[PDB]
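A quick write-up on the structure given underneath.
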Amino acid sequence: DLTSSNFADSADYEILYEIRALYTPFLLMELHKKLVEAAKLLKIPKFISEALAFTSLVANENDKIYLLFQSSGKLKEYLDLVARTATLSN
Amino acid sequence: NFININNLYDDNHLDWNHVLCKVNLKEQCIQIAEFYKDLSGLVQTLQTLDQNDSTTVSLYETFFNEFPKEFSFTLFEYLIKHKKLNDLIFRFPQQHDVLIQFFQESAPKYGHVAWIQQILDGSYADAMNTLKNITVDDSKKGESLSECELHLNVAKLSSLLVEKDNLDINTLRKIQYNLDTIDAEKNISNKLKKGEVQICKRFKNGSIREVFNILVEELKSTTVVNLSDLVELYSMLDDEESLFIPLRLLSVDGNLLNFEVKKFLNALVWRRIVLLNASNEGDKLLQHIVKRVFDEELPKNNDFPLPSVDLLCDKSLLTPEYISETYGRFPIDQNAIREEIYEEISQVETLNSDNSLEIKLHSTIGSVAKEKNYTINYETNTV
């Protein structure tokens, strides 16, 4: 639900909440798997920002991918691959 | 006792001589890699030039995170200042520093001086809930106008769709409460450029119109408000587009009042108005503004005396210690306001003879009683 002028239903909202939750961070996460299993770190295999540049590119209020995203459950899965993007320049 | 100034030179030129052991040739730099129980400067500037997640397998740190008086001084000195983000000294998070600060905040060292992950990282739950401690440091102010707007629109839009459960709606509330004090100055800056303020021809004289005139001159241009000065210019304010706006402040910001100071503010404003109503006949001036006190239902949302004879006939309510600092925050003379307030009191009592000013409060509440229950009181000064 994005507005409250149109028709919405609450029974039918919790199965937006959770169905969103199941898959939207996966698509996010497979962008971040390409960093360390396709080795494309920016738009060239050099420089490691675009994992460090993504740490508040995941954070947006224009797509609102922030508010559903777990502070330990999805954020810990996310930073461990950043930490493997960092060791391509360690 | 020149201790502090000696050991200034000492740690300065250990940190300098620990980036000078880095532009020298090396073999015995192992004797910094290994080599402490006290006196820092072995990991304070010996990896604090690059990422600290690429050096968690290095000798500098994660070997000094078990040595005491080394462990605790790295993560202390990095969380002193990172705050304000709309400045040339940090600028905004997006790169390198953001991912270090992540580490140091959910930690045995603590926030309320940094919140960089609590605006933008991913987290909503740990972020905006710990952010609640920080949005009482935006209680009636912004830091920058453009920075406050950034914290709050992120906290608003984050909290629009609650998905850390959906029941956790507290996180919307004080965030909205703080967006108003930046919105206010935007609106009012253009409005005094047009201008609409008007001034009384009775109290034009005195140092009592100077609380009013300052606020006007400040608000031509974008300026964060003070609230109590508005209650205190009341009776010196003219026009009927505004003559009833600090009745709002008694209610909703009467919460920021201490519930003892609020009484003597009320004693000041209704003692000014009773004299002002001696130059109005009909008592119509009082009648309209006591209507607005009854149609917002002021005395029944908080304690509030309605104008009546006792609240302006006693000189035991006059408190000089209060006046010397609520008008001692502007460059007017402290005696000048205090002797003016004094002579208001002795003019109430010189015309409580033949019931002159007495009947004029009696008949104001007493005629707005033909359609409401509010009627004159004086056994507590409240209905």
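Going through the structure tokens in order, the chains are called A, B, and so on, while each chain numbers its residues from 1 and the ligands are numbered from 1 in the order shown.
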
Considering only C-alpha atoms, extract the chain A residues located within 9 Å of chain B and return them as a ChimeraX atom specification. /A:1-2,14,17-18,21,49,52-62,64-72,74-75,79,83,86-87,89-90

Exercise: segment 302-319 of chain B partners within 8 Å, only C-alpha atoms, chain neighbours under 2 positions left out, as a PyMOL selection string: chain B and resi 251+264+266-268+270-271+298-300+321-323+342+345-346+348-349+358+361-362+376-378+381-382

DSSP on the backbone, then: every residue of segment 76-235 of chain B marked helix (DSSP H, G or I), written as a PyMOL selection string. chain B and resi 76+97-105+125-130+145-158+170-194+210-218+228-231

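Remark: for residue 278 of chain B, the closest of the candidate residues B:40, B:347, B:335, B:222 is B:347 (distances computed over only C-alpha atoms).
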
Could you pull the residues within 12 Å of residue 245 of chain B, counting only C-alpha atoms, minus those fewer than 2 positions along the same chain, as a VMD selection string? chain B and resid 227 230 to 235 237 to 243 247 to 253 289 292 to 293 296

What lies within 12 Å of residue 33 of chain A using only C-alpha atoms, ignoring chain neighbours under 3 positions off, as number ranges by chain? A: 26-30, 36-41, 50-51, 77-85

Using DSSP assignments from the backbone, pull out every residue in segment 64-263 of chain B that falls under strand (DSSP E or B) and give it to me as a PDB file with N, CA and C atoms, in the first residue's frame.
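Final file, states.pdb:
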ATOM      1  N   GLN B 198       1.229  44.634  13.525  1.00  0.00           N
ATOM      2  CA  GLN B 198       0.654  45.891  13.875  1.00  0.00           C
ATOM      3  C   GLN B 198       0.951  46.040  15.320  1.00  0.00           C
ATOM      4  N   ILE B 199       0.856  47.307  15.780  1.00  0.00           N
ATOM      5  CA  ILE B 199       1.477  47.664  17.016  1.00  0.00           C
ATOM      6  C   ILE B 199       0.409  48.499  17.722  1.00  0.00           C
ATOM      7  N   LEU B 237       0.496  43.331  21.260  1.00  0.00           N
ATOM      8  CA  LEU B 237       0.260  42.754  19.971  1.00  0.00           C
ATOM      9  C   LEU B 237      -1.137  43.284  19.494  1.00  0.00           C
ATOM     10  N   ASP B 238      -1.335  43.737  18.228  1.00  0.00           N
ATOM     11  CA  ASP B 238      -2.473  44.376  17.655  1.00  0.00           C
ATOM     12  C   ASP B 238      -2.750  43.733  16.355  1.00  0.00           C
TER      13      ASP B 238
END

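The space between atom CA of residue 179 of chain B and atom CA of residue 329 of chain B spans 26.2 Å.
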
What's the 9 Å shell around residue 146 of chain B, counting only C-alpha atoms, without same-chain residues fewer than 4 positions away, as a PyMOL selection string? chain B and resi 86+142+150+182

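When only C-alpha atoms are used to compute distances to residue 105 of chain B, the closest of the residues B:357, B:79, B:326, B:205 turns out to be B:79.
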